[PDB]
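# Reading the structure
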Protein chains: 2
Amino acid sequence: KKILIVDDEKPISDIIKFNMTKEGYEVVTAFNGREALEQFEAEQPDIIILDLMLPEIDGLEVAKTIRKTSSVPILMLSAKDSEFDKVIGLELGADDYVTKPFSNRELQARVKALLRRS
Amino acid sequence: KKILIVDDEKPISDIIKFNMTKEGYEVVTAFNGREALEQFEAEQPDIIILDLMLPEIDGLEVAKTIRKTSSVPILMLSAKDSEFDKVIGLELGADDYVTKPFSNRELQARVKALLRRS
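Residues numbered from 1 in each chain as written, not as in the entry; some residues may be left out. Chains lettered and ligands numbered in written order. Heavy atoms only, no water.

Let us now look at the UniProt feature "binding site: Mn(2+)" (unreviewed entry) in chain A. Residue and element names in this part refer to chain A. Here, UniProt's "binding site: Mn(2+)" (unreviewed entry) annotation points to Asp8, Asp51 and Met53. These annotated residues cover 46 residues of sequence, but their C-alpha atoms sit close together, with the largest distance between any two at 8.4 Å. By the element assignment, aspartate 8 lies in the loop between β1 (2-6) and α1 (10-22). In this structure, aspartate 8 is in contact with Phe31, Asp51, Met53, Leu54 and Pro55, ignoring residues within four places of it in sequence. Along the polypeptide, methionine 53 turns up in the loop between β3 (47-51) and α3 (59-69). Taking relative accessible area as the criterion, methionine 53 reaches 46% and is therefore assigned partly exposed. Leave out the neighbours within four places in its chain, and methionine 53 touches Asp8 and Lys80. (UniProt positions renumbered as here; feature names shortened; annotations may be inferred. Helix = DSSP H or I, 4+ residues; strand = E, 2+ residues; numbered from the N terminus. Contact = heavy atoms within 4.5 Å. Buried < 20%, exposed > 50% of the residue type's maximum accessible area, 1.4 Å probe, protein only.)

Next up, the structure:
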């Protein structure tokens, strides 16, 4: 299965790429909202880890534009941890929302649960 | 033409009802997000003035649920005046966003412009 990891912080992107690779997933990475939508169209990920704050176009609009054509599972990821943040993420079409910093094992288990469910 | 005015503050609701009536519009009022969606379905307004913060269900979800079936023009109205607030209102499907307190004349002219354009 293929995960599109969308994070503008290169160290975080690498930690997630590393642990998802260790699980046997194929990883494609995007570092902004524009690259995210392009990789989405050309790679057709099974799941996207999408963080909320991105250059060019924001996580919310990425998720909102994706949902126009696709029900690919989206797991939002963000250092923003307020009720409003999680609610609007999920309302705008995230399936799950996970805060930074995260546990690598919990991340993997939420990716699994989402894939199991689609 | 018919305006659905959705505001939980009864004094504001009355000021807008009064000035819209003076313009020759028919006015129906709703004081929460649930009454808003019900009045929307049963009255089929030509325009809705929708404020962002409402009991039961919020302005954003009202606008988002409405847009699933309808392109009725929506003018969001709110004391919240930040860039983020106006942007998310418009992204979630508002046609215009106006802050409280407002000028009655400017309100009327924005209602006119929206109706002219649909």
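We are not done yet, so read on.
Glancing now at helix α3 (residues 59-69) of chain B. Those residues of α3(B) lying buried are B:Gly59, B:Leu60, B:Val62, B:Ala63, B:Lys64 and B:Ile66. Those residues of α3(B) that are buried are in contact with α4 (83-91) of chain A together with α2 (33-43), β3 (47-51), β4 (74-78) and α4 (83-91) of chain B. Between a side-chain oxygen at the N-terminus of α3(B) and the backbone nitrogen of B:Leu60 the separation is 3.0 Å; the capping residue is B:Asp58. (Polar contact = N/O pair within 3.5 Å; in protein donor to acceptor, adjacent residues only side chain to side chain.)

Residue and element names in this part refer to chain B. Read across the sheet, five strands follow the order β2-β1-β3-β4-β5 without closing on themselves; strand pairing throughout is parallel. The open sheet has two edge strands, β2 (26-30) and β5 (96-99), and neither has a second partner. Strand-to-strand twist across the sheet, computed as the mean angle between neighbouring axes with direction ignored, equals 20°. Bridge count between β4 and β5: four bridges; the pairing is parallel. Across the sheet, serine 78 pairs through a bridge with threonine 99, a residue of β5. Against the sheet, helix α1 (residues 10-22) makes contact with β1 (2-6), β2, β3 and β4, and its axis sits at roughly 165° relative to β2, the strand it touches most. (Pairing = 2+ DSSP bridges. Axes fitted to C-alpha atoms, helices over the stretch in contact; angles between N-to-C directions.)

It is worth spelling out the sheet that holds strand β2 (residues 26-30) of chain A at this point. Paired through their backbone hydrogen bonds, the strands of a sheet run either parallel or antiparallel. Residue and element names in this part refer to chain A. What the five strands build is an open sheet, ordered β2-β1-β3-β4-β5; its pairing is parallel. Because the sheet does not close on itself, it has two edges, and the strands there are β2 and β5 (96-99). The sheet shows a mean angle of 20° between the axes of neighbouring strands, taken without regard to direction. Where β1 and β2 come together, five bridges link them in parallel fashion. The residue of β2 that forms the bridge with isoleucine 3 is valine 27. On top of the sheet, α3 reaches β3 and β4 (74-78); it is set at about 175° to β4, its chief contact.

Attention now moves to α1(B). Residues and elements named next belong to chain B. End to end, α1 covers 18 Å across 13 residues, agreeing with the expected 18 Å (1.5 Å per residue, within 8%). Looking at the buried side of α1, the elements it contacts are β1, β2, β3, β4 and α5 (104-116). Count one or two residues on from α1 and you reach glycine 24, which has phi positive near 95°. (Expected span 1.5 Å × (residues − 1).)

Time to look at the pattern of salt bridges. Taken as a whole and assessed by the stated rule, the structure comprises 22 salt bridges over all chains. Linking B:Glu61 and B:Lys64 is a salt bridge whose minimum nitrogen-to-oxygen distance equals 3.6 Å. Within this pair, B:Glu61 and its partner B:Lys64 are both found in helix α3, separated by three residues, close to a single helical turn. What emerges from the salt-bridge pattern is a single network uniting A:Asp7, A:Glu9 and A:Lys100. (Salt bridge = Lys/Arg side-chain N within 4 Å of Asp/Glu carboxyl O.)

A few words now on the environment of B:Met76. Residue and element names in this part refer to chain B. With respect to the element layout, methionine 76 can be found in strand β4. The class of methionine 76 is buried, set by a relative accessible area of 0%. Linking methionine 76 and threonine 99, residues 23 residues apart in sequence, is a C-alpha distance of 8.4 Å. Ignoring sequence-local partners within four residues, the contact set of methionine 76 consists of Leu50, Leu52, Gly59, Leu60, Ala63, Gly89, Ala94, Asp96, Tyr97 and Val98.

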